[PDB]
Amino acid sequence: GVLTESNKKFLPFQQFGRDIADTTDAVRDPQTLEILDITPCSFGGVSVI
Amino acid sequence: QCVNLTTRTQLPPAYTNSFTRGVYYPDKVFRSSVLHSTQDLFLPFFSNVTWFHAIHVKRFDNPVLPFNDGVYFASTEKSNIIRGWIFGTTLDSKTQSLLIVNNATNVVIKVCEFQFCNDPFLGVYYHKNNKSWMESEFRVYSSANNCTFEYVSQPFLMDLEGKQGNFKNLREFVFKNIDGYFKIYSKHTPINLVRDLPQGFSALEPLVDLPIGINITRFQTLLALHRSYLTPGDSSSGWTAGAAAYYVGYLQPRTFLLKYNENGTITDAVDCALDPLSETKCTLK
Amino acid sequence: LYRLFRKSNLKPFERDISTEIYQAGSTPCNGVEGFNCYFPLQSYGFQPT
Ligand SMILES: C=CC1=C(C)/C(=C/c2[nH]c(/C=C3N=C(/C=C4\NC(=O)C(C)=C4C=C)C(C)=C\3CCC(=O)O)c(CCC(=O)O)c2C)NC1=O
Ligand SMILES: *[C@@H]1O[C@H](CO)[C@@H](O[C@@H]2O[C@H](CO)[C@@H](O)[C@H](O)[C@H]2NC(C)=O)[C@H](O)[C@H]1NC(C)=O
Ligand SMILES: *[C@@H]1O[C@H](CO)[C@@H](O[C@@H]2O[C@H](CO)[C@@H](O)[C@H](O)[C@H]2NC(C)=O)[C@H](O)[C@H]1NC(C)=O
Ligand SMILES: *[C@@H]1O[C@H](CO)[C@@H](O)[C@H](O)[C@H]1NC(C)=O
Ligand SMILES: *[C@@H]1O[C@H](CO)[C@@H](O)[C@H](O)[C@H]1NC(C)=O
Ligand SMILES: *[C@@H]1O[C@H](CO)[C@@H](O)[C@H](O)[C@H]1NC(C)=O
Ligand SMILES: *[C@@H]1O[C@H](CO)[C@@H](O)[C@H](O)[C@H]1NC(C)=O
Ligand SMILES: *[C@@H]1O[C@H](CO)[C@@H](O)[C@H](O)[C@H]1NC(C)=O
Ligand SMILES: *[C@@H]1O[C@H](CO)[C@@H](O)[C@H](O)[C@H]1NC(C)=O
């Protein structure tokens with residue numbers, strides 16, 4: 001996926017964040033203590049005429 | 001060095017209603033703006049909890065209580081009277097026992113074969129020469145052998161002076177013993193309420209995950225005694241109790257619907273199968 | 001050493017170091033060995049042969 005900057009504020013005991021579908025949205029980068037949002041990089045319908 | 005305490009006035013045990021209290025974060029996964037349904041050991045909502053209040057006016061209580069699949073322990077304080085717990089089965093050195101204590105300098109967590117005293121307590125002494133308190137007495141256990149787990153926190157000092165007025169600190173704990181792990185969830189809130197448990201919501205955060213491997217069925221709270229020139233007699237009577245209170249409830253396996261707000265905080269919850277309306281709220285999510 | 005007698009099975013990741021006398025029979029043992037009163041721990045006999 002695509003990793004972007006995040007406004008989420010993780011509690012110190014948290015490492016991952018999840019949707020209601022249990023797929024990982026946000027992750028705390030273990031090197032630099034910042035939160036990165038993960039987005040699927042495939043998106044959008046396509047039709048052939 | 002342990003001594004029993006004789007100057008007591010017996011009272012029937014008081015009971016209080018816990019109003020949507022004792023919720024903790026079930027896992028360590030961030031969730032925001034979601035209605036998450038979980039099943040875990042929770043204190044049921046609107047539940048009757050036993051109330052033990054230590055006051056002088058002398059009425060103070062530290063009995064050995066059951067540990068039924070986990071304990072919710074709230075404490076309203078203004079002068080740091082409740083300062084730890086004892087967990088075990090027999091509490092008489094035949095079996096291993098767990099001791100969590102804040103002795104005003106360190107937090108000590110020891111799993112160890114303690115020979116516990118019938119009235120275990122700590123003791124602070126008032127000085128008339130200078131307006132200062134120091135902790136003097138540590139009468140928890142007589143002997144300690146075969147001493148498995150030990151943790152000592154970094155040194156500190158806390159305000160053990162006896163405050164006068166209203167209760168200020170509410171410290172909430174959830175203890176559970178699952179698969180050899182003693183899990184503690186904690187939460188401290190500032191309050192200004194006088195008698196009962198505050199009405200509101202506050203989610204307890206994970207603190208520890210101690211690998212003690214201990215059978216636990218009973219537990220006992222450790223309190224602190226003021227001793228002053230105003231209290232005459234020997235060590236068994238020459239003492240007074242600062243004003244504090246604690247509340248004990250028992251966890252049950254329950255399904256809860258937790259609401260995580262946009263900042264990732266559990267702001268509200270529904271105890272499922274409390275009443276049929278709560279079941280409807282569960283089904284509708 | 002290993003524990004040979006216990007009143008009930010251990011819970012997972014539970015440790016029992018108690019050395020109380022096991023009452024296999026009906027009469028209490030009162031902290032002394034004898035008939036139907038066993039020391040719970042027994043030592044492995046490990047020989048190279
Ligand atoms: C009993 C074991 C015990 C536990 C589990 C505990 C947890 C605990 N208490 C804290 C604050 C604190 N805890 C206390 C005192 C207490 N808080 C309590 O739950 C109890 C029982 C006392 C003792 C009476 C005080 C005075 C502070 C600092 C509050 C302040 O900033 O004024 C902190 C935050 C420390 C930090 O800032 O990094 C933790 C983790 N403290 C303990 O002593
Ligand atoms: C509170 O408990 C801790 C641990 O028992 C005490 O700290 C130890 O004290 C002994 C004797 O002075 C020392 O040998 C240890 O090195 C200390 N261990 C530490 C600081 O980690 C402490 O003294 C106690 N404090 C009070 C007021 O009772
Ligand atoms: C954990 O501790 C409890 C209390 O010691 C044990 O339950 C007791 O087991 C004996 C067996 O004879 C009974 O006589 C008691 O009546 C029981 N008391 C209670 C409160 O249950 C329990 O067996 C221990 N569990 C493990 C795995 O060791
Ligand atoms: C090395 O570890 C520290 C954390 O202790 C961290 O600040 C630092 O970013 C790490 N080095 C690199 C190149 O990330
Ligand atoms: C009183 O103290 C003695 C030893 O200090 C102890 O054996 C006994 O159990 C105590 N009795 C009570 C009621 O606390
Ligand atoms: C249980 O809750 C009720 C309040 O509905 C209370 O009257 C009762 O005292 C509590 N249980 C006990 C044993 O006191
Ligand atoms: C001052 O207070 C400390 C402990 O609070 C005490 O040990 C000391 O004796 C006091 N100073 C005098 C002169 O009494
Ligand atoms: C328990 O304590 C007794 C007496 O000190 C000792 O004989 C025994 O070896 C100890 N067992 C363990 C596991 O420490
Ligand atoms: C979430 O955090 C922000 C701080 O940037 C704060 O302004 C906001 O009030 C918080 N939201 C809630 C519901 O408390």
# chains A, B, ... in the order shown; residues from 1 in each chain; ligands from 1
>>> interface_residues(of="chain A", to="chain B", cutoff="12 Å", atoms="only C-alpha atoms", output="PyMOL selection string")
chain A and resi 7-28+35+37
>>> residues_near_ligand(ligand="ligand 1", cutoff="6 Å", atoms="only C-alpha atoms and all ligand atoms", output="JSON, numbers by chain")
{"B": [80, 81, 82, 83, 84, 100, 101, 102, 107, 158, 171]}
>>> residues_near_ligand(ligand="ligand 6", cutoff="7 Å", atoms="only C-alpha atoms and all ligand atoms", output="list in words")
residues 15, 17, 47 and 48 of chain B
>>> closest_residue(among="B:140, B:272, B:98, B:104", to="ligand 5", atoms="only C-alpha atoms and all ligand atoms")
B:140
>>> residues_around(residues="region 124-126 of chain B", least_positions_apart="6", cutoff="10 Å", atoms="only C-alpha atoms", output="ChimeraX atom specification")
/B:81,104,132-138,160-162,224-230,239
>>> residues_near_ligand(ligand="ligand 2", cutoff="7 Å", atoms="only C-alpha atoms and all ligand atoms", output="list in words")
residues 103, 104, 105, 106, 108, 135, 152, 153, 154 and 155 of chain B
>>> atom_distance(atom1="atom 8 (C, counted along the ligand's line) of ligand 4", atom2="CA of residue 6 (chain A)")
19.1 Å
>>> interface_residues(of="chain B", to="chain C", cutoff="9 Å", atoms="only C-alpha atoms", output="number ranges by chain")
B: 94-96, 146, 178-181, 211-215
>>> residues_near_ligand(ligand="ligand 5", cutoff="7 Å", atoms="only C-alpha atoms and all ligand atoms", output="short mmCIF file (atom, residue, chain, number, x, y, z; two decimals) with C-alpha atoms, in the first residue's frame")
data_model
loop_
_atom_site.label_atom_id
_atom_site.label_comp_id
_atom_site.auth_asym_id
_atom_site.auth_seq_id
_atom_site.Cartn_x
_atom_site.Cartn_y
_atom_site.Cartn_z
CA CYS B 2 3.71 -7.88 63.46
CA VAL B 3 1.08 -6.77 65.99
CA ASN B 4 -2.68 -7.20 65.88
CA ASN B 118 -3.25 -11.50 60.36
CA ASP B 119 -3.40 -7.67 60.30
#
>>> atom_distance(atom1="CA of residue 99 (chain B)", atom2="atom 15 (C, counted along the ligand's line) of ligand 3")
22.8 Å
>>> select_by_dssp(residues="region 204-239 of chain B", states="strand (DSSP E or B)", output="NGL selection string")
:B and (204-211 or 218-221 or 224-227)
>>> residues_near_ligand(ligand="ligand 4", cutoff="9 Å", atoms="only C-alpha atoms and all ligand atoms", output="list in words")
residues 30, 31, 32 and 33 of chain A
>>> atom_distance(atom1="CA of residue 69 (chain B)", atom2="CA of residue 219 (chain B)")
12.1 Å
>>> residues_around(residues="residue 273 (chain B)", least_positions_apart="5", cutoff="8 Å", atoms="only C-alpha atoms", output="ChimeraX atom specification")
/B:255,278-279
>>> decode(residues="region 69-101 of chain B", atoms="C-alpha atoms", output="PDB file, in the first residue's frame")
ATOM      1  CA  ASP B  69     -12.196 -14.593  38.079  1.00  0.00           C
ATOM      2  CA  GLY B  70     -10.875 -11.039  38.574  1.00  0.00           C
ATOM      3  CA  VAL B  71     -11.425  -7.950  40.727  1.00  0.00           C
ATOM      4  CA  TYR B  72     -12.319  -4.335  40.050  1.00  0.00           C
ATOM      5  CA  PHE B  73     -10.800  -2.187  42.810  1.00  0.00           C
ATOM      6  CA  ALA B  74     -11.581   1.523  43.100  1.00  0.00           C
ATOM      7  CA  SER B  75     -10.033   3.775  45.742  1.00  0.00           C
ATOM      8  CA  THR B  76     -11.013   7.332  46.646  1.00  0.00           C
ATOM      9  CA  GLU B  77      -8.138   9.030  48.463  1.00  0.00           C
ATOM     10  CA  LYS B  78      -6.761  12.375  49.551  1.00  0.00           C
ATOM     11  CA  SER B  79      -3.769  11.278  51.691  1.00  0.00           C
ATOM     12  CA  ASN B  80      -2.484   8.003  50.150  1.00  0.00           C
ATOM     13  CA  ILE B  81      -3.872   5.494  52.659  1.00  0.00           C
ATOM     14  CA  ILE B  82      -4.395   2.424  50.438  1.00  0.00           C
ATOM     15  CA  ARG B  83      -0.891   1.465  49.293  1.00  0.00           C
ATOM     16  CA  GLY B  84      -1.001  -2.061  47.890  1.00  0.00           C
ATOM     17  CA  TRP B  85      -2.484  -5.549  47.905  1.00  0.00           C
ATOM     18  CA  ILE B  86      -1.785  -9.164  48.809  1.00  0.00           C
ATOM     19  CA  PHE B  87      -2.957 -12.026  46.571  1.00  0.00           C
ATOM     20  CA  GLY B  88      -2.867 -15.763  47.129  1.00  0.00           C
ATOM     21  CA  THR B  89      -4.783 -18.806  48.348  1.00  0.00           C
ATOM     22  CA  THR B  90      -3.799 -19.499  51.984  1.00  0.00           C
ATOM     23  CA  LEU B  91      -1.509 -16.525  52.777  1.00  0.00           C
ATOM     24  CA  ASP B  92       0.394 -18.621  55.342  1.00  0.00           C
ATOM     25  CA  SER B  93       3.704 -19.557  53.614  1.00  0.00           C
ATOM     26  CA  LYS B  94       2.459 -23.025  52.591  1.00  0.00           C
ATOM     27  CA  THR B  95       1.848 -21.622  49.083  1.00  0.00           C
ATOM     28  CA  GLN B  96       3.256 -18.814  46.969  1.00  0.00           C
ATOM     29  CA  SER B  97       1.709 -15.360  47.207  1.00  0.00           C
ATOM     30  CA  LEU B  98       1.914 -12.047  45.369  1.00  0.00           C
ATOM     31  CA  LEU B  99       2.648  -8.748  47.122  1.00  0.00           C
ATOM     32  CA  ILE B 100       2.242  -5.356  45.440  1.00  0.00           C
ATOM     33  CA  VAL B 101       3.262  -2.487  47.732  1.00  0.00           C
TER      34      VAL B 101
END
